[PDB]
Structure formats: C-alpha cells, structure tokens
C-alpha cells in the first residue's frame, strides 16, 4: 500500500539523481545507517556518479559524511570509490572507505558511538547541511518511521538545514512500532534530562522521528536491501572461547555473583559472538535480556524459544537468512525487540544502572590487559572504537574475547605492549581466548600479567611473553607496570618487517635458552 501517508509531502517526491543535486561540495551530511542496516542507498549512488563526473573535469566534489555507525556498499562503498569523502565519522566497515582512510585520503575520527549526537549538537562536525535518512513510511502527521536502525537519525534531522528521505519498500511495513524515539534532552544543551530507563524492555518515547516538514526538500522512493553479511558460523576457536565464557558465567551464578538470568547482555557481532549466543541458547540460564547496540541472528533464536525475553538495540545485524526470518514474522518479533536512538542504547548512565555485561572483541591486549580495538600496528585503522568504550567502561563486567593469535598464527593477540590503546586496564576485567580465561578482578598490573600470560596467550608465544615480562621486572624504570622500552613494540616491527611475530633461530632470543 501507500508508504507516504501524509498527502502534502508526496509533492516532494523526486528521482534519486535530482535529490542528489541538493548535496553540494563541502557539505556536512548526516545519514541513517548502523551495522549495515537502514542507511540510504539510491541517493548516495547517484551522488557518487555526479562526483566522479565532476572530478573528471577537474572540479572538486567531496562531502563530510557523519553516520550512525557502519553503512554498506551503496553508501560508504560508492562514495569511497568516487573519492568523494573528505571527512568520515564515527564508524566504518566498508573496505574501500577503509582504504581511503588508511591512505590519508579521507580524514577519520571514531568517536564513542553514544557520544556522536552530543558532539554533533555541540558543533564539533560543523553545521549540518543535509540529513539523508531511510524510512519505512511517513505517517499521516508527517512522522518519519525509521527502518532497520535508529542510530543518530533524530539528531541529524534536528540539525540539518535540508532533509532528504528515502522511502524503502524493501523494508517491512510492520517495522512501524518497533522503534522508540525520545523527545527528551539526551544529547542537547545542558542541563540534560534524566533518561528514566530502569528496565531493558522500557519504552520512553514514540514510534516516529520528528522533523519540520518545511525542511524536507526531497523524498525518494526506493526498493533495495541492506547489507546482510553472511552468517559467520562458529569455528572450533570460537566454540572454545564461548565454552570458557559460559563456564565462567555458570560459576558466577553458583557463587551468587550473578542471578540465574545473568544481567542485561551486550555483545558484538561475528564468529565469537555467534558462538556465545549459541552457548547461551543451550546453557542453563533462563529469562535472558539484551541491552546492546545490535540484534543478531542468535538473538532471534533465543527470542523465539523464550530463552531471551527482550532485546534492546539501535540496529539489526542479520544474515540474509535471518532477515528473511524476521520479515516473515515481524508481527511476532516486533513485540520482542526495541530499537532505540544510539545515544540511548549507548548511554553510560543507563548501561551502568542496568548493570550490563559487556562482551567485546579486540585486535590485541598487552600483558597488562590494555586493549586495542582499532589500529593494527598502531597506525592502520580496522573499523573503529564503536560503542566498545561506552559499554566496557560502564558495564558491571567488562569482557574481551579473541583468538589468541591472528593471521594464521603469525601474530600474537597478546603482546608486550599494545601498539594503540582503546581500553585501559581499568576498563577490562575478563579476557577469554581459546586457551582459557583470565579473571583479573582486584589484581595489580603485574598480577594481571601473570593471569593473562598463563591463561590466554598461545603456547607458541607464552615463553616470549614471559621472557619479556621477567626481564622487564628486573630492568624497568619502575616496577609497577614493568616494560623494556627498547623492545616493547619490537614484535609489531618484526611483523611489519618479516610478516611474522615469531622470531628466527638464526639470531639470539632470550626465551630460546
């Protein structure tokens, strides 16, 4: 049926190309889009074409692109291919955009996801010229129903001089009602409002994004799917990680340090997350609750079985098969899921009050349990900090999970010193790899190192780590957090130079003797 139920706004409907003409060189553009869901698709494609055409004529044409979080091939991909983005924030997973960032062709800053809206309102990104937002429908009174994510869309609509809406008929109509949008002051000028959430299933707002219809300069009718990345079926490494984690949860419950329903759960996406979610479906724990950034495949499974009672998030992150499942059954799933603005889903006040358990991936940790989530060798961006800081620091328990090695064993995920730090020791209590689980609660840095080295490090790298540690203990400037600055980053340099962190036996290495 008709998706634009406000008659007057129908007059604004126009082709993607025409809408794209509203976007000018130098513009700051805020868009919907979070974990590959709910980003605009047709206008960015048309924009990229016009950008390339300008460039070919020696005409400059780039934008500043501010999003909810990651988008997809139609947005980050097309614009990066066109070399059309001078600044990007706060989170990207597109390969072409990643290359632009790492070549210094696109300036990038990965703000904490829960803080983006506030910094935008503060003016940190400059004046927003355009808000470009995907919609399921437009209501009788001109409300904008978001699609598969909320992200920062309400904030972008508030700030933007002009607004473009893409109404996507691929998106199920019964998404209307799944969102909770607050008109409260979460991210505006102090003093802010108390965000009165005291349960993960609590709604505080309404189903629509609000915007002055007079700012709506174009509406584009679309029909195109999200980026539904393939399902990352757990491998033995992930299954092992999930096993150690579930054993730990079970023990915490038996010691009355967690209720049998655990606490509200936040998890990332990927092989390991999937393994944890399958473990949880099978585990002894009942009445689970999600308070996270994302809804993933394994969550629908638990919502269906009743193992999980509710799932709060800002976005969907589903395989094509899972999206298919939720579409054929949106009526049911809409009652089990709440999609929130990301400044609410990622609100530290709320995360702490609910006592979330945070479970996040990492590039690497050093022996003292400082965590790198972003910058390989310290300089090459992967995705971005995302909401890992929002959750890690605010959680009741902060847990980091990773294979003990990377790149087919040629890199150790436990290193003498992290090449970049995203999460300080104070923000990480539990580490899990396929080798075991380190519980660091109440430990000093030297004590942390003893646990991480013994429980988490791969056997191929443990002697090398222990050697570094032992010699640092003997020689470090101070002994509170012992280091040898002469070799702290030397394993990373070895990888840059040789493609492996494992040392040759053709030179002396202290641990070889």
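Positions refer to the first chain, counted from 1. For the two forms, the rigid core is made up of the largest set of C-alpha atoms that agree within 1.5 Å on superposition.
Visitor: When the core is superposed, where do the C-alphas shift more in 4 other deposited structures of this protein: in 238-246 or in 221-229?
Guide: Checking 238-246 against 221-229 in 4 other deposited structures of this protein, I find the farther stretch is 221-229.
Visitor: Core fit done; bigger CA RMS in 4 other deposited structures of this protein for 367-375 or for 265-273?
Guide: Higher root mean square deviation of C-alphas in 4 other deposited structures of this protein is shown by 265-273.
Visitor: Which is higher in the entry, the mean Cα B factor of 104-112 or that of 139-147?
Guide: Averaged over C-alpha atoms, the B-factors run higher in 139-147.
Visitor: Looking at the entry, does 292-300 or 242-250 show the higher mean C-alpha B-factor?
Guide: Averaged over C-alpha atoms, the B-factors run higher in 292-300.
Visitor: Choose from 205, 84, 361, 259 the residue with the greatest Cα B-factor as stated in the PDB record.
Guide: The record points to 259.
Visitor: Between 68, 445, 58, 38, which one tops the list for C-alpha B-factor in the PDB entry?
Guide: In the PDB entry, the greatest C-alpha B-factor among 68, 445, 58, 38 is found at 58.
Visitor: Using the temperature factors of the C-alpha atoms in this entry, rank residue 170 within its chain: lowest, middle or highest third.
Guide: Its C-alpha B-factor belongs to the highest third of this chain's values.
Visitor: Against its chain's modelled residues, does residue 53's Cα B factor rank lowest, middle or highest third?
Guide: Highest third of the chain for residue 53's C-alpha B-factor.
Visitor: In terms of the CA temperature factor given in the entry, to which third of its chain does residue 231 belong: lowest, middle or highest?
Guide: Highest third.
Visitor: Give the position of residue 63 by CA B-factor within its chain, expressed as the lowest, middle or highest third.
Guide: Ranked within chain, residue 63 CA B lands in the middle tercile.
Visitor: Would the CA B-factor of residue 501 place it in the lowest, middle or highest third of its chain?
Guide: Within its chain, residue 501 is a middle-third residue by C-alpha B-factor, going by the deposited values.
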